[PDB]
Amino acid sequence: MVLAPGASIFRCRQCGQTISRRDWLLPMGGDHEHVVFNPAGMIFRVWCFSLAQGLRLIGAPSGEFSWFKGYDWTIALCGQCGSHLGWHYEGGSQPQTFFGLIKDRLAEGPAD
């Protein structure tokens, strides 16, 4: 516990929608940070979270190109502005589900 913490909540960088919390970071494979690339060669610094809110999960899951063995992904947009914030992963084991969010698309700041 700290008084007046400034690194508590992650919001959408583009609009401020509440998305996640530092307390919910999830060390997948021993690290909450996973640096990965997609088939279009884009590099993402992905932070894994157990939980997130304020997103909209688009479509149905796919296992194609999944960065996390045993998980299928759905695109996760900011539910307010539509910014692509990351992916929701499901269908796996321990945990069954989690979120992989793009670190530089979030803003971190004080609690609400």
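Throughout, we count residues from 1 along the sequence that is shown.
When 102-110 is weighed against 4-12, 4-12 comes out higher, by mean CA B-factor as recorded in the entry. For the pair 76-84 and 35-43, the record assigns the higher mean C-alpha temperature factor to 35-43. When the modelled residues of the chain are ordered by C-alpha B-factor, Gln17 sits in the lowest third.
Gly30 sits in the highest third of its chain by CA B factor, as recorded in the PDB entry. Among all modelled residues in its chain, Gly59 ranks in the highest third by Cα B-factor.
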